[PDB]
Amino acid sequence: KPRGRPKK
DNA sequence: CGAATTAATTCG
DNA sequence: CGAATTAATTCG
């Protein structure tokens, strides 16, 4: 995935 | 594993 | 609905 918390 | 990053959740 | 807090994820 990309950096940081995944978008929901 | 930690900081960094990024978004979700909480709570006024 | 926003700022503060919390959480999930990558990279070194």
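Computed from heavy atoms alone, side chains included, the values below leave out hydrogens, waters and symmetry copies. Order of the sequence lines fixes the chain letters, A, B, ..., with proteins taken first and strands second; residue numbering starts at 1 for each chain.
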Pairwise N/O distances under 3.5 Å, protein to nucleotides 1-6 of chain C:
none

Restricting to nitrogen or oxygen on both sides, can you table the protein-nucleotides 10-12 of chain C pairs closer than 3.5 Å?
from   : atom 1 : to     : atom 2 : distance (Å)
C:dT10 : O2     : A:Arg3 : NH2    : 3.4
C:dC11 : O4'    : A:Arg3 : NH2    : 3.3

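At B:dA7, one or more side-chain N or O atoms of A:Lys7 fall inside 4.0 Å of OP1 or OP2 (strictly under the cut-off).
Here C:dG2 counts as south. Its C1'-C2'-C3'-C4' torsion is negative.
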